[PDB]
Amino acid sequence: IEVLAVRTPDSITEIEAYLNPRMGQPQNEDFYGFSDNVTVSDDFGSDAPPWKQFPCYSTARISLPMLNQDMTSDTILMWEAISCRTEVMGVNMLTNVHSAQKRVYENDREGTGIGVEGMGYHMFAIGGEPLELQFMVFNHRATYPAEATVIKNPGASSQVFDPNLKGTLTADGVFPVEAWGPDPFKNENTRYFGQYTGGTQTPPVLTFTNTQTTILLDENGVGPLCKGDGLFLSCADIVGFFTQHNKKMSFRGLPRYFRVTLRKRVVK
């Protein structure tokens, strides 16, 4: 794409969208927002995580307003994503230490719940085309379930970087977070942002405000250009683990808010 002039009163639009988490349990059922209880393999050889027990990436394509093209010009207008605000919603719910939680003083049947604790994985991506993925796994001999999208028998090389093992995030709730990450060799037309804090007893730390704005412009002053007039949102928002009295543990996820400002860009 040959990028040309920015248009400056009717040249800018705003979209707002949410992505619900895909932590593994089905929508419209009692554990929506959570994974199912996590089972652990005895070895890498026999490792087979069941469907529902691991999170997947969230994705959506947002259809943009009419650009009102110039019928006789040899150029076209494209929506250019210039800025965003993103917030993890429902942080407030993590003040719940009463709902069926392993207690601080289990031996005394006393104390609050321990609440949600452990690993936070927070990433979002805003592009003019689907997020480009690198396949990479902890254990290449893991047998993923039929419901999941992965590279089957990916080989030892998939435990680190293999340039043959590529993907694109083309479907919501089926690309396992533990098997796909953003590809830094691609995503020329996406901005991605990721933070990981590991562990299983780590205090979760989350902020929320409606006062924060991230500029989406690259080093040439060009934001994502929305090919076929779509805006591609991707995320994963693991808050940590929910622990039952019987010590079963499940992933807990939260939904993400996006506001994206776009402006009209002349191209070609």
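Start at 1 with the first residue shown and count on from there. C-alpha atoms forming the largest set that superposes within 1.5 Å between two forms make up the rigid core.
Exercise. Is the larger C-alpha RMS shift in 6 other deposited structures of this protein, relative to this form with the rigid core superposed, found in 213-221 or in 58-66?
Worked result: So, of the two stretches, the farther one in 6 other deposited structures of this protein is 58-66.
Problem set entry | Unmodelled stretch of the deposited sequence separating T8 from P9, binned as none, 1 to 3, 4 to 9 or 10 or more | Missing residues, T8 to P9: 1 to 3.
Exercise. In the PDB record, does 158-166 or 72-80 carry the higher mean Cα temperature factor?
Worked result: The entry gives the higher C-alpha B-factor average to 72-80.
Exercise. If you average the CA temperature factors over each stretch, which comes out higher, 105-113 or 91-99?
Worked result: Between 105-113 and 91-99, it is 105-113.
For this session: By the entry's C-alpha temperature factors, tell me which of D237, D36, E219, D47 sits highest.
Result: The C-alpha B-factor peaks, among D237, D36, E219, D47, at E219.
Problem set entry | Residue, from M249, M23, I12, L254, that the PDB entry assigns the highest Cα B-factor | If I rank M249, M23, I12, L254 by C-alpha B-factor, first place goes to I12.
Problem set entry | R191 by Cα B-factor - lowest, middle or highest third of the modelled chain | For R191, whose C-alpha B-factor we compare with every modelled residue in the chain, the answer is the middle third.
Exercise. Thinking about Cα B factors across the chain, which third does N153 belong to?
Worked result: For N153, the deposited C-alpha B-factor lands in the highest third.
Exercise. So where's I215 on the chain's Cα temperature factor ranking, which third?
Worked result: Highest third, going by the recorded CA B-factors of the chain.
Problem set entry | Chain-wide C-alpha B factor ranking for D183, given as lowest, middle or highest third | Middle third of the chain for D183's C-alpha B-factor.
For this session: Please place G120 in the lowest, middle or highest third of its chain by C-alpha B factor as given in the entry.
Result: Answer is middle: the recorded C-alpha B-factor places it there.
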